[PDB]
2 protein chains.
Amino acid sequence: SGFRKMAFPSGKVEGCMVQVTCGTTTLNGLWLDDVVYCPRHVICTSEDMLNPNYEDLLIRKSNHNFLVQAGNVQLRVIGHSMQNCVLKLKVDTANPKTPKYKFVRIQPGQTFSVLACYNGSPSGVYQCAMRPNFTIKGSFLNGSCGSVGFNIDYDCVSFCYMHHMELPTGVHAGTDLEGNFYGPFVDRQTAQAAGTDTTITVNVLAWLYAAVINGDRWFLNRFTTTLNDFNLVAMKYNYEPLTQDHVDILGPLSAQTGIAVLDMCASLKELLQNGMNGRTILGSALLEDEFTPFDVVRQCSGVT
Amino acid sequence: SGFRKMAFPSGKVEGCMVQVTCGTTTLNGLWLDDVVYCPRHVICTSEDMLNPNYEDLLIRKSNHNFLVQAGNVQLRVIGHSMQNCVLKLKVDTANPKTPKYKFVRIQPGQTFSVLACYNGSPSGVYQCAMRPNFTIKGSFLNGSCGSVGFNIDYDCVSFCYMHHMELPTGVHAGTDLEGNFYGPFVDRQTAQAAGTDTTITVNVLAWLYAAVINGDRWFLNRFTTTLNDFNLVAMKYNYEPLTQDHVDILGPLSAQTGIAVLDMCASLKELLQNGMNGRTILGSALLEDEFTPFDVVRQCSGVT
Ligand SMILES: CCC(=O)Nc1ccc(N(Cc2ccsc2)C(=O)Cn2nnc3ccccc32)cc1
Ligand SMILES: CCC(=O)Nc1ccc(N(Cc2ccsc2)C(=O)Cn2nnc3ccccc32)cc1
């Protein structure tokens, strides 16, 4: 028992982190097979960051201008190309530590682990969720760009995020591993504000089921609701509207606990309307939304 | 910017996890050099768990009775011994993935990362603190025993915890890597209740400094206090008494923010007396105590 914000073991990703330097800018790269993936803003100087023309900037760059170091050894760059907001540096050596991997573009509300890196070296790992406004509430400092987000299915690593920027609001924006930004963000040092950050309702319900499985039951009530009634309350509290797809994914949790999804929604409704009244759920005084129903099942069963 | 409950990269520990089986019981082992460390209750059956005589139980066991598997390959056991509550299985092969390592016994209030494992395979990593009552609020299921807690200083892994049991209260108890339990716990399935869990005051203050560094300043007030006045309030709220040693370790955080330690204590005092009033600090509606001053400095500077 016990419930924790758990990240995937980072080992398979640690073996992929390299340092990429272009001129005087150093950031992280992801070495998979014979390709190193990194944010394209590695080619930028502080002046050409206000409004950079990456195609024009990359013209003045050659393979020898990109320094790729894996631990203490230098990789030889034999090709370079830009795919959306990422640079792909072809190296002459395949990474011997390349795990089985995939590049996936995650949906908002889905969770992933981030291996924060500096100078190609890992500093820490934590669990994140892609917010409905397509930002992540991470922990990144200057030099962390190129750090990646990922999920792991037994031996396969699904890379889903590459860190590119911090918005003036302290939230983080980045791309998938094809260089496409999540959300409307551009790799330009300009006014970019995030949209309304809504709560991921299906994840809060999954976390309420995790609380029941782990002994925290005070919030269970004698009531039920309907999807339409619940959604009127979810709208009022800037919670994502709950759909039948969401009810369906909560099915295994509903079956494990014997608490119908709509009954759990009525518990959530009362918690939204009345608050926690100074109480806690799974050691938290707020409703946690960064655990998906899959995460709750995984942690509560022991998938390695 | 941003503040997260970050764990150390688990890679160096993943390469040490093995599966240990004795009869019909399987748990995790830690392979370092030519020794495999695991909880001694691996030799127990469900009957000899109510009151086990481990010396008598281990007499009926030979080197060949301990099955050690590293991934898909079997290790040959050439020696076995009991050191306090751990078994040390000498194997004929040194772990090629053995990192630079130390065995340390941590102090209550100190933090560490746990790599939760099942059948010698890692499932996840999370950050923990050794509670003042010597328990950890982890996330462990049956089969997780032998999972380890650790800290990392650049390339050196300091192992500090090995998981042994879950108390009836859902909290976790375990040993250091010499087999000595943290706290008064015994490896026996008996009534063992934890003492009062107090809040780690120095860690809450460190987390308030992290909130200031990251923009959350609403809680800063126009007041100050003394160590004796603050401690009268800390006693009332079952917070650990703050000492000059604690003030000293908060020095670098106090210097970074320019907020005197006693002024921050007065902010904490008002937060304890008045509560959060529906507000949050670093995305939390309660006072977080599982970040030490070292953790805050590390995360807010980027130590890899
Ligand atoms: C020498 C060249 C140079 O100064 N480059 C540079 C690169 C990226 C950034 N930006 C903004 C931006 C502008 C275009 S693309 C991204 C970040 O947000 C980088 N970043 N990412 N996470 C951060 C966390 C803290 C501080 C900075 C952070 C700032 C400067
Ligand atoms: C076949 C032999 C057998 O049944 N062994 C066994 C081993 C350990 C436990 N105990 C209690 C205990 C008694 C003596 S030493 C520890 C746990 O708390 C194991 N444990 N650790 N974390 C857990 C989390 C969930 C369930 C059980 C957990 C229970 C059973």
Side-chain angles (χ1 to χ4, degrees), chain A residues 1-15 99-101 110-115 122 124-128 149-158 206-207 209-210 213-214 252-253 256 282 290-304, chain B residues 5-21 25-31 38-39 42 69-72 97 112-128 136-150 157 159 161-166 170 172 174:
Chain A
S1 81
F3 214 70
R4 278 290 185 167
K5 194 68 70 74
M6 205 173 279
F8 289 100
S10 60
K12 289 159 184 314
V13 183
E14 290 167 54
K100 286 181 183 198
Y101 77 91
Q110 296 300 116
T111 62
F112 58 94
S113 304
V114 175
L115 179 63
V125 62
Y126 57 87
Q127 191 72 5
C128 267
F150 63 94
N151 279 271
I152 307 178
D153 191 272
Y154 173 51
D155 61 349
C156 180
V157 180
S158 290
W207 172 79
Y209 276 112
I213 292 166
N214 290 277
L253 291 181
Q256 203 176 324
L282 289 174
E290 297 200 354
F291 294 103
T292 64
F294 299 85
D295 293 340
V296 172
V297 170
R298 189 184 305 110
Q299 193 170 156
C300 296
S301 89
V303 179
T304 64
Chain B
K5 194 68 70 74
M6 205 173 279
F8 289 100
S10 60
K12 289 159 184 314
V13 183
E14 290 167 54
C16 299
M17 304 311 302
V18 299
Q19 179 195 91
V20 182
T21 294
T25 313
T26 289
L27 43 61
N28 308 283
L30 182 68
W31 184 21
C38 78
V42 72
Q69 192 173 327
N72 236 322
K97 304 194 199 150
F112 58 94
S113 304
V114 175
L115 179 63
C117 295
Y118 298 90
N119 299 104
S121 289
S123 64
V125 62
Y126 57 87
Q127 191 72 5
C128 267
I136 75 162
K137 295 189 197 170
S139 169
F140 294 102
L141 299 176
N142 197 274
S144 68
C145 302
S147 290
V148 304
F150 63 94
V157 180
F159 295 99
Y161 178 83
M162 178 166 276
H163 186 59
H164 287 244
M165 58 185 216
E166 182 176 81
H172 308 105

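Letters A, B, ... mirror the listed sequences (proteins, then strands); counts begin at 1. Both backbone and side-chain heavy atoms feed into the values below; hydrogens, waters and symmetry mates do not.
One distance of note links SG of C145(B) with CE of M162(B); it measures 10.0 Å at 0.5 Å rounding.
Between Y118(B) and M17(B), every side-chain heavy-atom pair lies at or beyond the 4.5 Å cut-off. Within the 4.5 Å cutoff, the side chain of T21(B) has heavy atoms near those of the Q19(B) side chain. Side-chain contact between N28(B) and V148(B) is absent, with no heavy-atom pair separated by less than 4.5 Å. The closest side-chain heavy-atom distance from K97(B) to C16(B) is not below 4.5 Å. Side-chain contact between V157(A) and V13(A): present, with at least one pair of heavy atoms (C-beta onward) separated by less than 4.5 Å.
With no hydrogens or angles considered, no side-chain donor-acceptor pair links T111(A) and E290(A) at under 3.5 Å.
Between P122(B) and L115(B), the shortest heavy-atom contact is CB-CD1, 3.7 Å.
Under the ring pair (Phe, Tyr, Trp, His ring centres under 6.0 Å) criterion, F159(B) pairs with no residue, sequence neighbours left out. Among residues two or more places apart in sequence or in another chain, the salt bridge (charged side-chain N to carboxylate O under 4.0 Å, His left out) test is passed with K137(B) by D197(B). Judged as a ring pair (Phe, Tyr, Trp, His ring centres under 6.0 Å), and not counting sequence neighbours, the contacts of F3(A) are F291(A).
The aromatic rings of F140(B) and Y126(B) stand perpendicular to each other, their planes meeting at an angle above 60°, with 30° marking the opposite boundary. Between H163(B) and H172(B), the ring-plane angle classifies as perpendicular under the 30° and 60° cut-offs.
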